[PDB]
>>> print(open('entry-v6.txt').read())   # compact mmCIF, C-alpha atoms and all ligand atoms
# COMPACT_ATOMS: atom_id res chain seq x y z
CA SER A 14 117.72 123.91 121.85
CA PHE A 15 120.69 122.04 123.27
CA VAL A 16 121.30 120.47 119.86
CA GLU A 17 123.29 123.56 118.89
CA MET A 18 125.74 122.81 121.71
CA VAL A 19 126.26 119.16 120.89
CA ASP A 20 129.81 118.47 119.72
CA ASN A 21 130.97 122.00 120.69
CA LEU A 22 134.19 120.69 122.27
CA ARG A 23 137.54 119.65 120.81
CA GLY A 24 140.83 118.34 122.15
CA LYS A 25 141.91 115.32 124.19
CA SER A 26 142.49 114.18 127.78
CA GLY A 27 146.20 114.89 127.40
CA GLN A 28 146.17 118.54 126.30
CA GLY A 29 142.65 119.43 127.41
CA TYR A 30 139.17 119.93 126.00
CA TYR A 31 138.21 123.40 124.84
CA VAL A 32 135.22 125.35 123.61
CA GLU A 33 135.13 128.40 121.32
CA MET A 34 134.32 131.79 122.84
CA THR A 35 134.48 135.47 121.89
CA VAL A 36 135.46 138.44 124.04
CA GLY A 37 135.37 142.19 123.44
CA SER A 38 133.82 144.35 120.73
CA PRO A 39 134.35 143.62 117.97
CA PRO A 40 134.24 139.92 119.06
CA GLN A 41 137.67 138.28 119.38
CA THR A 42 137.61 134.51 118.85
CA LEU A 43 139.58 132.28 121.20
CA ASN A 44 139.53 128.60 122.19
CA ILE A 45 139.03 128.16 125.93
CA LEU A 46 139.95 125.11 128.01
CA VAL A 47 136.98 123.73 129.96
CA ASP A 48 138.07 123.31 133.59
CA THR A 49 135.73 122.27 136.40
CA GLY A 50 138.81 122.27 138.64
CA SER A 51 139.35 126.04 138.90
CA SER A 52 137.22 129.16 138.98
CA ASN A 53 139.10 131.84 137.09
CA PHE A 54 138.35 132.85 133.52
CA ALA A 55 141.70 133.84 131.99
CA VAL A 56 143.10 134.29 128.49
CA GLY A 57 146.48 134.99 126.95
CA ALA A 58 146.70 138.78 126.53
CA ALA A 59 150.32 138.96 125.46
CA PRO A 60 152.58 137.23 122.89
CA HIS A 61 153.78 133.73 123.73
CA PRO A 62 155.75 131.01 121.85
CA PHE A 63 152.81 128.63 122.15
CA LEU A 64 150.06 131.15 121.38
CA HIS A 65 148.90 131.78 117.81
CA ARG A 66 146.52 134.49 118.98
CA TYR A 67 145.58 136.35 122.14
CA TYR A 68 143.21 138.82 123.75
CA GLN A 69 143.89 142.43 122.70
CA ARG A 70 142.18 144.70 125.22
CA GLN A 71 143.04 147.88 123.32
CA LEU A 72 141.00 146.62 120.35
CA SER A 73 137.90 146.20 122.50
CA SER A 74 135.61 149.15 123.16
CA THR A 75 133.74 147.27 125.89
CA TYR A 76 136.89 146.35 127.84
CA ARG A 77 137.12 147.73 131.39
CA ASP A 78 140.28 147.68 133.51
CA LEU A 79 139.76 146.71 137.15
CA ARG A 80 143.14 148.19 138.06
CA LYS A 81 144.10 145.06 140.01
CA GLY A 82 146.59 142.25 139.51
CA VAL A 83 146.00 138.52 139.74
CA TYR A 84 147.91 135.29 139.68
CA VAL A 85 146.90 131.67 139.86
CA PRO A 86 149.07 128.72 140.87
CA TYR A 87 147.80 125.36 139.58
CA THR A 88 149.19 121.98 140.62
CA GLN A 89 151.21 122.27 137.44
CA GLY A 90 151.72 125.60 135.71
CA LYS A 91 150.87 129.16 136.67
CA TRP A 92 150.22 132.63 135.30
CA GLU A 93 149.71 136.22 136.39
CA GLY A 94 147.94 139.13 134.78
CA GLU A 95 145.59 142.09 135.05
CA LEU A 96 141.92 141.84 136.02
CA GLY A 97 139.22 143.47 133.95
CA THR A 98 135.78 142.85 132.47
CA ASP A 99 134.45 142.58 128.92
CA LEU A 100 131.53 141.16 126.95
CA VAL A 101 131.78 137.41 126.42
CA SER A 102 129.86 135.03 124.16
CA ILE A 103 129.86 131.35 123.26
CA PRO A 104 129.20 130.77 119.51
CA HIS A 105 128.15 127.14 119.96
CA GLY A 106 126.48 127.74 123.29
CA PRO A 107 123.47 129.67 124.61
CA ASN A 108 122.56 132.66 122.43
CA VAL A 109 123.48 135.29 125.02
CA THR A 110 126.16 137.84 125.85
CA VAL A 111 127.35 138.61 129.37
CA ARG A 112 129.92 140.84 131.03
CA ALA A 113 132.28 138.68 133.04
CA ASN A 114 135.59 139.05 134.79
CA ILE A 115 138.59 138.27 132.64
CA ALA A 116 142.18 137.77 133.72
CA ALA A 117 144.42 139.08 130.95
CA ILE A 118 147.46 136.79 131.15
CA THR A 119 150.66 138.82 130.79
CA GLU A 120 153.12 136.22 132.05
CA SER A 121 152.98 132.46 132.53
CA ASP A 122 155.05 129.40 133.39
CA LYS A 123 154.28 125.90 132.10
CA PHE A 124 150.65 126.94 131.70
CA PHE A 125 150.10 127.12 127.93
CA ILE A 126 150.71 123.87 126.04
CA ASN A 127 152.37 123.76 122.64
CA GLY A 128 149.87 122.59 120.04
CA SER A 129 146.93 122.45 122.47
CA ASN A 130 144.93 124.83 120.27
CA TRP A 131 143.55 126.81 123.22
CA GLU A 132 144.63 130.26 124.41
CA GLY A 133 142.61 130.57 127.60
CA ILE A 134 140.93 128.76 130.46
CA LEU A 135 137.37 128.68 131.75
CA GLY A 136 137.24 127.88 135.46
CA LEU A 137 133.78 126.45 136.09
CA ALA A 138 134.10 125.76 139.82
CA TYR A 139 132.90 128.10 142.61
CA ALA A 140 134.01 131.57 143.79
CA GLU A 141 135.43 130.08 146.97
CA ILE A 142 138.56 129.03 145.08
CA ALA A 143 138.74 132.00 142.73
CA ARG A 144 141.81 134.27 142.85
CA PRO A 145 142.66 136.69 144.17
CA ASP A 146 139.68 135.88 146.40
CA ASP A 147 136.02 134.79 146.37
CA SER A 148 134.96 138.34 145.47
CA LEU A 149 135.92 137.76 141.84
CA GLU A 150 132.66 136.32 140.49
CA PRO A 151 133.32 133.27 138.21
CA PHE A 152 132.09 133.19 134.61
CA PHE A 153 129.22 130.75 135.12
CA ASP A 154 127.91 132.73 138.08
CA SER A 155 127.85 135.87 135.91
CA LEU A 156 126.14 133.95 133.09
CA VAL A 157 123.41 132.73 135.44
CA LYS A 158 122.84 136.13 137.04
CA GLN A 159 122.73 138.12 133.80
CA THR A 160 120.59 135.71 131.73
CA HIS A 161 117.83 133.11 132.06
CA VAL A 162 120.25 130.22 131.54
CA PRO A 163 119.47 127.52 134.17
CA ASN A 164 122.14 127.00 136.85
CA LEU A 165 123.74 123.83 135.56
CA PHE A 166 125.82 122.39 132.78
CA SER A 167 126.80 118.95 131.58
CA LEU A 168 129.95 117.58 130.03
CA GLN A 169 130.39 114.74 127.59
CA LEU A 170 134.08 114.24 127.04
CA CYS A 171 134.88 111.77 124.26
CA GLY A 172 138.35 110.28 124.09
CA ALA A 173 139.57 107.70 121.58
CA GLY A 187 135.72 116.02 120.82
CA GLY A 188 132.75 116.22 123.15
CA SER A 189 129.89 118.41 124.29
CA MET A 190 129.33 121.05 126.94
CA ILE A 191 125.60 121.57 127.31
CA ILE A 192 125.19 124.92 129.02
CA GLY A 193 121.96 125.30 130.94
CA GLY A 194 120.66 121.76 130.73
CA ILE A 195 120.90 118.08 129.98
CA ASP A 196 120.74 116.62 126.48
CA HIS A 197 119.05 113.25 126.87
CA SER A 198 120.48 112.10 123.56
CA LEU A 199 124.06 112.20 124.88
CA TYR A 200 123.73 109.27 127.28
CA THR A 201 122.06 105.93 127.83
CA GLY A 202 120.49 104.37 130.89
CA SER A 203 119.76 106.27 134.09
CA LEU A 204 121.51 109.26 135.61
CA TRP A 205 122.84 108.65 139.12
CA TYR A 206 123.47 111.62 141.41
CA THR A 207 126.05 112.20 144.12
CA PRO A 208 125.88 115.21 146.47
CA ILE A 209 128.27 118.12 145.97
CA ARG A 210 129.74 118.12 149.50
CA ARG A 211 130.82 121.77 149.55
CA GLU A 212 130.72 124.52 146.92
CA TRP A 213 134.36 125.39 146.15
CA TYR A 214 135.84 122.56 144.03
CA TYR A 215 133.18 120.12 142.75
CA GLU A 216 133.74 118.00 145.83
CA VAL A 217 132.17 114.59 146.21
CA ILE A 218 132.53 111.61 148.51
CA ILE A 219 133.82 108.19 147.50
CA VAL A 220 132.46 105.53 149.88
CA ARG A 221 134.01 102.37 148.45
CA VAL A 222 136.51 101.16 145.88
CA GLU A 223 136.75 97.79 144.13
CA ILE A 224 139.23 96.39 141.60
CA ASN A 225 137.96 93.48 139.50
CA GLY A 226 135.09 93.11 141.98
CA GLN A 227 137.58 92.98 144.86
CA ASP A 228 137.02 95.55 147.64
CA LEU A 229 140.23 97.47 148.46
CA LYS A 230 139.16 97.25 152.11
CA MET A 231 140.48 100.61 153.36
CA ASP A 232 139.00 103.19 155.68
CA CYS A 233 136.85 105.12 153.21
CA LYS A 234 138.29 108.34 154.68
CA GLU A 235 141.50 107.38 152.88
CA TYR A 236 139.63 107.72 149.58
CA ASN A 237 138.73 111.33 150.30
CA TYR A 238 141.97 112.45 151.97
CA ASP A 239 142.03 115.30 151.96
CA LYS A 240 139.20 115.56 149.41
CA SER A 241 137.80 114.15 146.18
CA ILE A 242 136.94 116.37 143.24
CA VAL A 243 135.68 116.05 139.64
CA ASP A 244 138.20 117.92 137.50
CA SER A 245 137.79 118.10 133.72
CA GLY A 246 141.02 120.12 133.77
CA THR A 247 143.08 117.20 135.08
CA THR A 248 144.13 114.39 132.75
CA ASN A 249 144.50 111.40 135.05
CA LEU A 250 142.74 109.72 137.92
CA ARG A 251 144.79 110.91 140.89
CA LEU A 252 144.64 109.01 144.18
CA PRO A 253 146.01 109.77 147.67
CA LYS A 254 149.33 108.03 148.40
CA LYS A 255 147.89 105.13 150.43
CA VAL A 256 145.09 104.49 147.92
CA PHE A 257 147.42 104.83 144.93
CA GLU A 258 149.79 102.19 146.33
CA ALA A 259 146.95 99.79 147.09
CA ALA A 260 145.47 100.28 143.61
CA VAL A 261 148.79 99.82 141.81
CA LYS A 262 149.56 96.70 143.84
CA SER A 263 146.21 95.24 142.84
CA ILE A 264 146.53 96.28 139.20
CA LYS A 265 150.02 94.76 139.03
CA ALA A 266 148.91 91.39 140.37
CA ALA A 267 145.99 91.30 137.94
CA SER A 268 148.35 91.98 135.04
CA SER A 269 151.26 89.93 136.41
CA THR A 270 150.96 87.97 133.15
CA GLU A 271 153.30 90.53 131.61
CA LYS A 272 156.04 92.70 133.10
CA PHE A 273 156.23 96.46 132.67
CA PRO A 274 159.05 98.92 133.49
CA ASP A 275 158.86 100.33 137.01
CA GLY A 276 158.75 103.74 135.34
CA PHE A 277 155.53 102.77 133.60
CA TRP A 278 153.59 102.63 136.87
CA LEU A 279 154.92 106.11 137.60
CA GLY A 280 153.42 107.54 134.44
CA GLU A 281 156.88 108.05 132.96
CA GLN A 282 157.49 105.23 130.47
CA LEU A 283 154.89 104.18 127.91
CA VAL A 284 154.23 100.52 127.13
CA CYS A 285 153.61 99.41 123.55
CA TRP A 286 152.04 96.39 121.83
CA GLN A 287 151.62 95.19 118.25
CA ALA A 288 148.93 97.30 116.58
CA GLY A 289 145.77 95.63 117.86
CA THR A 290 147.23 93.18 120.36
CA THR A 291 146.78 95.18 123.58
CA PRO A 292 145.95 92.62 126.31
CA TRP A 293 143.02 94.57 127.77
CA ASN A 294 141.71 91.45 129.51
CA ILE A 295 144.75 91.34 131.80
CA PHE A 296 143.91 94.80 133.13
CA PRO A 297 141.19 95.05 135.83
CA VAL A 298 138.16 97.30 135.91
CA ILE A 299 138.01 99.87 138.71
CA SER A 300 134.73 100.63 140.48
CA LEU A 301 134.35 103.87 142.38
CA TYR A 302 131.28 104.02 144.60
CA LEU A 303 129.87 107.49 145.21
CA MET A 304 127.54 108.67 147.99
CA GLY A 305 123.97 108.79 146.71
CA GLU A 306 120.88 110.93 147.23
CA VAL A 307 119.07 108.85 149.86
CA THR A 308 120.05 107.54 153.30
CA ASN A 309 122.55 104.66 153.18
CA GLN A 310 122.44 104.65 149.40
CA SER A 311 125.26 104.90 146.89
CA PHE A 312 126.00 103.92 143.28
CA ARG A 313 129.15 103.06 141.34
CA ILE A 314 130.86 103.93 138.11
CA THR A 315 133.06 101.28 136.55
CA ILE A 316 136.23 102.36 134.72
CA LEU A 317 137.75 100.12 132.00
CA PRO A 318 141.48 99.76 131.27
CA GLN A 319 140.89 101.62 128.02
CA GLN A 320 140.31 104.64 130.26
CA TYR A 321 143.26 104.61 132.60
CA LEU A 322 145.66 103.56 129.82
CA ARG A 323 145.89 106.81 127.87
CA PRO A 324 147.05 106.17 124.28
CA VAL A 325 150.14 108.04 123.07
CA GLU A 326 152.07 108.51 119.81
CA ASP A 327 154.61 105.80 118.95
CA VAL A 328 157.90 107.11 120.34
CA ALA A 329 159.62 104.87 117.80
CA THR A 330 159.44 104.81 113.99
CA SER A 331 156.79 102.08 114.08
CA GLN A 332 153.00 102.07 114.42
CA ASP A 333 152.34 100.00 117.54
CA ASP A 334 149.69 100.80 120.14
CA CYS A 335 151.46 102.58 123.01
CA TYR A 336 149.85 103.84 126.22
CA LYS A 337 150.66 105.65 129.46
CA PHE A 338 149.38 104.68 132.92
CA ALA A 339 146.82 107.47 133.53
CA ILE A 340 146.65 106.83 137.27
CA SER A 341 149.07 108.78 139.45
CA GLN A 342 149.76 109.58 143.09
CA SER A 343 148.34 112.71 144.70
CA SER A 344 149.02 114.76 147.81
CA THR A 345 145.96 116.98 147.40
CA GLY A 346 143.33 114.25 147.53
CA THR A 347 141.49 112.23 144.91
CA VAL A 348 141.00 113.75 141.47
CA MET A 349 138.54 112.25 139.01
CA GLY A 350 140.08 113.66 135.84
CA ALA A 351 139.22 113.66 132.15
CA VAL A 352 140.21 110.01 131.65
CA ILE A 353 137.55 109.14 134.25
CA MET A 354 134.94 111.54 132.85
CA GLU A 355 135.43 110.33 129.27
CA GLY A 356 133.32 107.19 129.45
CA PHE A 357 130.51 109.13 131.11
CA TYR A 358 128.03 111.98 130.75
CA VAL A 359 128.54 114.25 133.75
CA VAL A 360 125.91 116.65 134.95
CA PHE A 361 127.06 119.52 137.16
CA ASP A 362 123.70 120.33 138.71
CA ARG A 363 124.67 123.44 140.69
CA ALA A 364 121.02 124.31 141.30
CA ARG A 365 120.47 121.10 143.25
CA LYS A 366 124.03 120.82 144.55
CA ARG A 367 124.67 117.44 142.96
CA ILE A 368 126.66 115.80 140.21
CA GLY A 369 125.11 113.25 137.88
CA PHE A 370 126.77 110.35 136.12
CA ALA A 371 125.40 108.26 133.22
CA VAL A 372 126.97 106.02 130.59
CA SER A 373 128.01 108.26 127.70
CA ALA A 374 126.85 107.75 124.11
CA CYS A 375 130.56 107.89 123.20
CA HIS A 376 131.58 105.22 125.69
CA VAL A 377 134.50 102.82 125.38
CA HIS A 378 134.02 99.57 123.47
CA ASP A 379 135.66 96.61 125.23
CA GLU A 380 135.14 93.04 124.03
CA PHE A 381 133.70 91.31 127.10
CA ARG A 382 133.28 94.35 129.36
CA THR A 383 131.56 97.73 129.55
CA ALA A 384 131.95 100.95 131.51
CA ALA A 385 128.85 101.46 133.62
CA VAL A 386 126.95 103.46 136.24
CA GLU A 387 125.01 101.11 138.49
CA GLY A 388 122.72 101.42 141.48
CA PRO A 389 121.27 101.45 143.91
CA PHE A 390 123.72 100.10 146.50
CA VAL A 391 123.45 100.10 150.25
CA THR A 392 126.33 101.59 152.22
CA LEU A 393 126.15 102.38 155.93
CA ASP A 394 127.87 105.34 157.63
CA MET A 395 128.80 107.06 154.35
CA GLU A 396 129.18 110.36 156.22
CA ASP A 397 132.22 108.96 158.01
CA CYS A 398 133.91 108.75 154.61
CA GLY A 399 134.22 112.51 154.43
CA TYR A 400 137.53 113.91 155.63
CA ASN A 401 137.68 116.72 158.20
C1 LIG B 501 142.53 117.61 130.42
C2 LIG B 501 144.03 118.00 130.33
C3 LIG B 501 144.43 118.84 131.57
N1 LIG B 501 145.86 119.18 131.67
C4 LIG B 501 146.61 118.77 132.73
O1 LIG B 501 146.28 118.10 133.69
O2 LIG B 501 147.86 119.24 132.60
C5 LIG B 501 148.02 119.85 131.31
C6 LIG B 501 146.61 119.97 130.70
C7 LIG B 501 146.11 121.41 130.37
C8 LIG B 501 146.20 122.43 131.52
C9 LIG B 501 145.19 122.44 132.52
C10 LIG B 501 145.22 123.37 133.59
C11 LIG B 501 144.12 123.33 134.66
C12 LIG B 501 144.60 122.75 136.04
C13 LIG B 501 145.44 121.44 135.85
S1 LIG B 501 146.07 120.81 137.39
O3 LIG B 501 146.66 119.51 137.17
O4 LIG B 501 146.86 121.84 138.03
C14 LIG B 501 144.55 120.56 138.32
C15 LIG B 501 143.78 121.91 138.42
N2 LIG B 501 142.58 121.82 139.29
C16 LIG B 501 142.74 121.62 140.77
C17 LIG B 501 143.57 122.76 141.41
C18 LIG B 501 144.85 122.49 141.95
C19 LIG B 501 145.61 123.53 142.53
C20 LIG B 501 145.10 124.85 142.56
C21 LIG B 501 143.82 125.14 142.03
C22 LIG B 501 143.25 126.58 142.07
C23 LIG B 501 143.34 127.23 140.66
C24 LIG B 501 141.82 126.72 142.67
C25 LIG B 501 143.07 124.08 141.45
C26 LIG B 501 143.41 122.51 137.03
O5 LIG B 501 142.68 123.73 137.25
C27 LIG B 501 146.27 124.31 133.67
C28 LIG B 501 147.29 124.31 132.69
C29 LIG B 501 147.26 123.38 131.62
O6 LIG B 501 148.29 123.42 130.69
>>> encode(input="entry-v6.txt", output="structure tokens", more="lines below")
Ligand SMILES: CCCN1C(=O)OC[C@@H]1Cc1cc(C[C@@H]2CS(=O)(=O)C[C@H](NCc3cccc(C(C)C)c3)[C@H]2O)ccc1O
Amino acid sequence: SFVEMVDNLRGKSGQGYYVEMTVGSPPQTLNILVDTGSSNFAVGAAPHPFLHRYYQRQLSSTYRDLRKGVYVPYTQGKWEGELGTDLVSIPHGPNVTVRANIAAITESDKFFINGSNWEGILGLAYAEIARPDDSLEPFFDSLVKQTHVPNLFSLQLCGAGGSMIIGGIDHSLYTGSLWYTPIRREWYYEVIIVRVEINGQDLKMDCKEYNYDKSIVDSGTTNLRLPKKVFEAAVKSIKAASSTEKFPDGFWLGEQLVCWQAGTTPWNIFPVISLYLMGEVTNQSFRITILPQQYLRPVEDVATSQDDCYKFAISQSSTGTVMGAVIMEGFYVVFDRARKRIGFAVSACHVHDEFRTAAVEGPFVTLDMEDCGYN
């Protein structure tokens, strides 16, 4: 019965993908950002310039105050509020109702986005990174304990809406085979990258550099973020491959956006990036290939024209590798919590390049993959 959940997501990689939910009795409708990069369920509970609606605890008869404060600092943006519990449901999700923890946001800073269309956030990662501490059971954990919903979900983010299949895998949302990588540790959705190639060229770095100090799958992050050393190597390789044309130094920093005559974007000059992930069997891995149409996020024409403009969706990180929404977009991603693994398959709503195609290929042989994990 996953068909009811197909296409239940809206938004983009820039402002975030969100799903509709209801909290309290009577049910209060709110759009909630889908974030596999955090573990707190929180909604605006007070007026805000960017909010068109918010959670009103007083109007809910099922609301319960936990008499405890909470705050959450994200890489960018933060909020604080009061903890409590209330009945929660997902209209275009499993037909169930569960009591989960809810952080009523009373104050925030650079958290809500103007015009994003969402007023809350659904942290889908594990309790280990929940605030104030791992005692605050995350939404998905509550859902799985209180109902018969299987312990797993899948995300199909489509750039250029999308689907969040709660409790299973919808075989009609992807093509080819699903390839699985182990979830290294249950806190963020941590994985291990064992090799990286640009246009078939191996970056030739100590694979530990790829996972320094970790690598995570974050639907709540827009770009592909890479550790300093890896970012520099990647940019250097991407520059050479596209040396045909020159771009502002600010462009490679994700500041300036490059434009081209409507339909003249030189995709061919931009290389494909292949990230190899640790597999399920000894010395085995697989790779996902990212096309330029993925790491070149399209943006509105800053001018008064109508030319195709984009922003370099690859940026430097100091908190490890982050496989964000722009990476997830070409693929169907299965967060198989039950079997502690993450699956990747070519999405039905994949990118359409002329002579190239985003892919998930295997199997590959890779020795000493364990040494790729950072400690
Ligand atoms: C798809 C579009 C996503 N977006 C984005 O990147 O910036 C704006 C936009 C929407 C948006 C998303 C988030 C979720 C954050 C984003 S982050 O870029 O901050 C990485 C972090 N996950 C990793 C992380 C990093 C530090 C601390 C924590 C704890 C909460 C466990 C977790 C994640 O939860 C918070 C506020 C927002 O306005």
>>> residues_near_ligand(input="entry-v6.txt", ligand="ligand LIG 501 (chain B)", cutoff="7 Å", atoms="only C-alpha atoms and all ligand atoms", output="PyMOL selection string")
chain A and resi 25-30+48+50-52+85-90+123-126+142-143+244-248+351
>>> closest_residue(input="entry-v6.txt", among="A:326, A:93, A:232, A:216", to="residue 397 (chain A)", atoms="all atoms listed in the file")
A:232
>>> closest_residue(input="entry-v6.txt", among="A:341, A:295, A:195, A:327", to="residue 255 (chain A)", atoms="all atoms listed in the file")
A:341
>>> atom_distance(input="entry-v6.txt", atom1="CA of residue 386 (chain A)", atom2="CA of residue 206 (chain A)")
10.3 Å
>>> residues_near_point(input="entry-v6.txt", point="(134.7, 120.0, 145.2)", cutoff="10 Å", atoms="all atoms listed in the file", output="list in words")
residues 49, 50, 51, 138, 139, 142, 209, 210, 211, 212, 213, 214, 215, 216, 217, 218, 240, 241, 242, 243, 244 and 348 of chain A
>>> residues_near_point(input="entry-v6.txt", point="(122.8, 111.2, 155.0)", cutoff="12 Å", atoms="only C-alpha atoms", output="number ranges by chain")
A: 207-208, 210, 218, 304-311, 392-399
>>> closest_residue(input="entry-v6.txt", among="A:120, A:164, A:54, A:66", to="residue 97 (chain A)", atoms="all atoms listed in the file")
A:54
>>> residues_around(input="entry-v6.txt", residues="residue 312 (chain A)", least_positions_apart="5", cutoff="8 Å", atoms="all atoms listed in the file", output="list in words")
residues 205, 302, 303, 304, 305, 386, 387, 388, 389 and 390 of chain A
>>> residues_around(input="entry-v6.txt", residues="region 263-267 of chain A", least_positions_apart="5", cutoff="8 Å", atoms="all atoms listed in the file", output="list in words")
residues 224, 295, 296 and 297 of chain A
>>> write_last_selection(input="entry-v6.txt", atoms="C-alpha atoms", output="mmCIF file, keeping the file's coordinate frame")
data_model
loop_
_atom_site.group_PDB
_atom_site.id
_atom_site.type_symbol
_atom_site.label_atom_id
_atom_site.label_comp_id
_atom_site.auth_asym_id
_atom_site.auth_seq_id
_atom_site.Cartn_x
_atom_site.Cartn_y
_atom_site.Cartn_z
ATOM 1 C CA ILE A 224 139.230 96.390 141.600
ATOM 2 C CA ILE A 295 144.750 91.340 131.800
ATOM 3 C CA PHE A 296 143.910 94.800 133.130
ATOM 4 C CA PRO A 297 141.190 95.050 135.830
#
>>> residues_around(input="entry-v6.txt", residues="residue 273 (chain A)", least_positions_apart="4", cutoff="12 Å", atoms="all atoms listed in the file", output="list in words")
residues 264, 265, 266, 268, 269, 277, 278, 279, 280, 281, 282, 283, 284, 285, 286, 336, 337 and 338 of chain A
>>> build_atoms(input="entry-v6.txt", residues="region 74-92 of chain A", atoms="N, CA and C atoms", output="mmCIF file, keeping the file's coordinate frame")
data_model
loop_
_atom_site.group_PDB
_atom_site.id
_atom_site.type_symbol
_atom_site.label_atom_id
_atom_site.label_comp_id
_atom_site.auth_asym_id
_atom_site.auth_seq_id
_atom_site.Cartn_x
_atom_site.Cartn_y
_atom_site.Cartn_z
ATOM 1 N N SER A 74 136.225 147.936 122.641
ATOM 2 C CA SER A 74 135.610 149.150 123.160
ATOM 3 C C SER A 74 134.794 148.897 124.419
ATOM 4 N N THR A 75 134.527 147.628 124.709
ATOM 5 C CA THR A 75 133.740 147.270 125.890
ATOM 6 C C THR A 75 134.627 146.832 127.055
ATOM 7 N N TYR A 76 135.930 146.747 126.806
ATOM 8 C CA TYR A 76 136.890 146.350 127.840
ATOM 9 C C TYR A 76 136.941 147.363 128.984
ATOM 10 N N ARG A 77 137.043 146.866 130.212
ATOM 11 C CA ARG A 77 137.120 147.730 131.390
ATOM 12 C C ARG A 77 138.205 147.215 132.324
ATOM 13 N N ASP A 78 139.186 148.064 132.619
ATOM 14 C CA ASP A 78 140.280 147.680 133.510
ATOM 15 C C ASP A 78 139.803 147.747 134.955
ATOM 16 N N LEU A 79 140.150 146.736 135.743
ATOM 17 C CA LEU A 79 139.760 146.710 137.150
ATOM 18 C C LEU A 79 140.912 147.222 138.012
ATOM 19 N N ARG A 80 141.983 147.651 137.357
ATOM 20 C CA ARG A 80 143.140 148.190 138.060
ATOM 21 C C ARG A 80 143.523 147.304 139.243
ATOM 22 N N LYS A 81 143.716 146.016 138.975
ATOM 23 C CA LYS A 81 144.100 145.060 140.010
ATOM 24 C C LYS A 81 144.798 143.868 139.367
ATOM 25 N N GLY A 82 145.846 143.384 140.027
ATOM 26 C CA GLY A 82 146.590 142.250 139.510
ATOM 27 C C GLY A 82 145.995 140.928 139.952
ATOM 28 N N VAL A 83 146.493 139.838 139.383
ATOM 29 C CA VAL A 83 146.000 138.520 139.740
ATOM 30 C C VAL A 83 146.983 137.464 139.300
ATOM 31 N N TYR A 84 147.028 136.371 140.038
ATOM 32 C CA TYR A 84 147.910 135.290 139.680
ATOM 33 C C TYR A 84 147.209 134.021 140.147
ATOM 34 N N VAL A 85 147.516 132.916 139.492
ATOM 35 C CA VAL A 85 146.900 131.670 139.860
ATOM 36 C C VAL A 85 147.888 130.536 139.745
ATOM 37 N N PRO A 86 148.135 129.849 140.862
ATOM 38 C CA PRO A 86 149.070 128.720 140.870
ATOM 39 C C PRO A 86 148.285 127.406 140.799
ATOM 40 N N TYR A 87 148.483 126.646 139.729
ATOM 41 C CA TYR A 87 147.800 125.360 139.580
ATOM 42 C C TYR A 87 148.786 124.296 140.045
ATOM 43 N N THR A 88 148.313 123.065 140.199
ATOM 44 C CA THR A 88 149.190 121.980 140.620
ATOM 45 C C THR A 88 150.400 122.008 139.690
ATOM 46 N N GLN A 89 150.139 122.190 138.406
ATOM 47 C CA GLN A 89 151.210 122.270 137.440
ATOM 48 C C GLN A 89 150.928 123.464 136.547
ATOM 49 N N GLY A 90 151.870 124.403 136.518
ATOM 50 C CA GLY A 90 151.720 125.600 135.710
ATOM 51 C C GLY A 90 151.119 126.760 136.469
ATOM 52 N N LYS A 91 151.412 127.972 136.018
ATOM 53 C CA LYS A 91 150.870 129.160 136.670
ATOM 54 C C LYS A 91 150.967 130.373 135.762
ATOM 55 N N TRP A 92 150.191 131.400 136.077
ATOM 56 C CA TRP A 92 150.220 132.630 135.300
ATOM 57 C C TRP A 92 149.849 133.810 136.191
#
